[PDB]
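All values below were derived from every heavy atom in this structure, side-chain atoms included, with hydrogens, water molecules and symmetry-related copies excluded. Numbers for residues simply follow the sequence, beginning at 1.
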Amino acid sequence: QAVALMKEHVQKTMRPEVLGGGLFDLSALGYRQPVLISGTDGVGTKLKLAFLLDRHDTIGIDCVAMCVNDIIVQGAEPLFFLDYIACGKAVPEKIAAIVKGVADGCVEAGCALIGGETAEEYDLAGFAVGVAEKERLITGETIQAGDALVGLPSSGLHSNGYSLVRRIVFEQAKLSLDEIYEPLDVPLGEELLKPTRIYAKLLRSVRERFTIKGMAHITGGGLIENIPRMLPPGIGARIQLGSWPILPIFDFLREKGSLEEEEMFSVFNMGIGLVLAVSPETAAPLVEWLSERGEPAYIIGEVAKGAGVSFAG
């Protein structure tokens, strides 16, 4: 049954270009000068929570999101994904649940799960491949002083800063994953397990109506480390504190862990999972457009001559 359920999950991700191992017929898409963008990633310490809660049908999404979000910031469209599950002994139902999350993420990203491997607690590793029109690569090179930074909200902690989280919730506060602590509105275990947002579909819609000069996926190192990766040399970012909603989970962690402001921004996404750089005149229109489709967005700052990220207000 587990195997049967596993095949059903994979089948949902299929797209017409997949030709029965699965091959991907790129020629069907009609790219003139195709450039392949790939990436690999592991969930990380967040996996430890999956173990403790015996809930494995969502971490697969985090895995897919980490690989896919990094691909789309370069302007690529995700094509296919492959997973690698390592474990002591393989329990069918367990593997089936891990794959289900991967498939769900793949469905959200629009990429097909064309391959997998279960080799004999566990560890998950994902690999995504995307493609972009060579002359349509988003490099951030055209970003100039004065451009606006529009941030799209994260769903929560996403997949970074879990080492610190585990230290705070287990070593320091000695909390229970089943308890509800204010300002959180659900059990801590559930909050810490919320899957990472996948921005693939949204960005594909946005890019059809607007010119995105650059993008940054907020992962390791937070806003501080990732925003500069999309900016040209000589250009820095000025973030306006209080221009976007800092999710409760972060206020919770700051309190329960007696954390300093700088450490926070150096580890957590603080509420923003993807930052977009656009010309000044595009900022408000973009935000309004997203608003009408039920997507919140915030003008979190602007770029300026210099380098690095600084905060104000």
Side-chain angles (χ1 to χ4, degrees), residues 31 33-39 41 65-78 109 128-154 158 160 196-240 243-244 265-266 269-287 289-290 295 297-312:
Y31 274 91
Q33 289 188 288
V35 175
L36 299 173
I37 308 184
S38 68
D41 188 76
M66 288 302 118
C67 302
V68 168
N69 289 340
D70 278 347
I71 294 177
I72 61 82
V73 300
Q74 288 187 276
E77 96 170 72
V129 170
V131 63
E133 198 51 86
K134 192 173 188 182
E135 287 214 49
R136 286 210 64 183
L137 280 172
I138 292 179
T139 67
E141 297 179 310
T142 66
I143 299 174
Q144 65 199 74
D147 284 347
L149 299 176
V150 179
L152 305 187
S154 58
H158 276 198
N160 277 287
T196 300
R197 174 69 162 293
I198 294 177
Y199 302 102
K201 294 186 186 302
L202 182 60
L203 260 301
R204 183 196 183 81
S205 290
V206 162
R207 295 183 57 194
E208 284 176 43
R209 305 286 70 157
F210 302 88
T211 297
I212 305 299
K213 306 176 76 177
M215 294 189 246
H217 183 207
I218 316 313
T219 55
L223 294 168
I224 295 179
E225 175 175 305
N226 294 92
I227 285 169
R229 289 183 180 176
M230 106 178 129
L231 304 173
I235 300 303
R238 188 183 311 302
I239 295 299
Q240 189 57 54
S243 59
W244 80 90
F265 281 99
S266 283
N269 64 60
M270 295 307 276
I272 299 298
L274 190 61
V275 176
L276 312 185
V278 300
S279 186
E281 61 278 12
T282 302
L286 170 52
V287 171
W289 184 83
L290 286 166
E295 293 289 353
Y298 308 97
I299 301 175
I300 67 181
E302 55 169 35
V303 303
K305 182 180 179 185
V309 180
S310 64
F311 305 78

Do [X] and [Y] have side-chain heavy atoms sitting under 4.5 Å apart?
X	Y	answer
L202	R197	yes
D70	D41	no
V73	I138	no
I300	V275	yes
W244	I239	yes
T282	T211	no
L203	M215	yes
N69	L274	no

Looking at [X] and [Y], what are the two nearest heavy atoms and their distance?
X	Y	value
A76	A132	CA-CB, 3.8 Å
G214	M230	C-SD, 3.4 Å
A283	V278	N-CG2, 3.7 Å
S266	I224	OG-CD1, 3.5 Å
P153	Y298	CG-CE1, 3.5 Å
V287	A297	CG1-O, 3.8 Å

* Can you list every pair that meets ring pair (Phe, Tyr, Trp, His ring centres under 6.0 Å) and has a residue in residues 207-240, with sequence neighbours left out? ->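 Every ring pair (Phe, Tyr, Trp, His ring centres under 6.0 Å) pair that includes a residue of residues 207-240, provided the two are not neighbours, is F210-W289.
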* Residues forming a ring-ring contact (aromatic ring centres under 6.0 Å, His included) with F311, sequence neighbours excluded ->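 Listed in chain order: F265.
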Spacing of [atom1] belonging to [X] relative to [atom2] belonging to [Y], to within rounding of 0.5 Å:
X	Y	atom1	atom2	value
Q240	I299	CD	CD1	11.5 Å
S279	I143	OG	CD1	11.0 Å
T139	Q74	OG1	CD	9.5 Å
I272	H158	CD1	NE2	9.5 Å

* To do: Step by step, work out the side chain to side chain contact (heavy atoms under 4.5 Å, CB included) result for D147 and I235.
  => CA-CA 10 Å; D147 284 347; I235 300 303; over 6 Å; no
* To do: Begin with the C-alpha distance, continue with both residues' side-chain angles, and end with the deciding distance and a verdict on side chain to side chain contact (heavy atoms under 4.5 Å, CB included) for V309 and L223.
  => CA-CA 8 Å; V309 180; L223 294 168; 5.6 Å; no
* Check the surroundings of atom CD in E135: do more than 12 heavy atoms from other residues, nucleotides or ligands lie under 6.0 Å from it? =>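 Atom CD in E135 is not crowded, with 12 or fewer foreign heavy atoms closer than 6.0 Å.
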* To do: Using modelled atom types only, decide if a donor and an acceptor are shared between the side chain of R207 and the backbone of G75 within a distance under 3.5 Å.
  =>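 Side chain of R207 to backbone of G75: a pair is present.
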* Look at the side chain of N226 and the backbone N and O of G221, then say whether any donor-acceptor pair between them is shorter than 3.5 Å. =>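 No, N226 side chain to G221 backbone: no donor-acceptor pair under 3.5 Å.
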* Asked: When you look at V131 and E77, which way does the side chain to side chain contact (heavy atoms under 4.5 Å, CB included) test go after all the steps?
  -> CA-CA 6 Å; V131 63; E77 96 170 72; 4.1 Å; yes
* Could you give me the CA-CA distance, side-chain angles and deciding distance for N269 and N160, then say whether side chain to side chain contact (heavy atoms under 4.5 Å, CB included) is met? => CA-CA 8 Å; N269 64 60; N160 277 287; over 6 Å; no
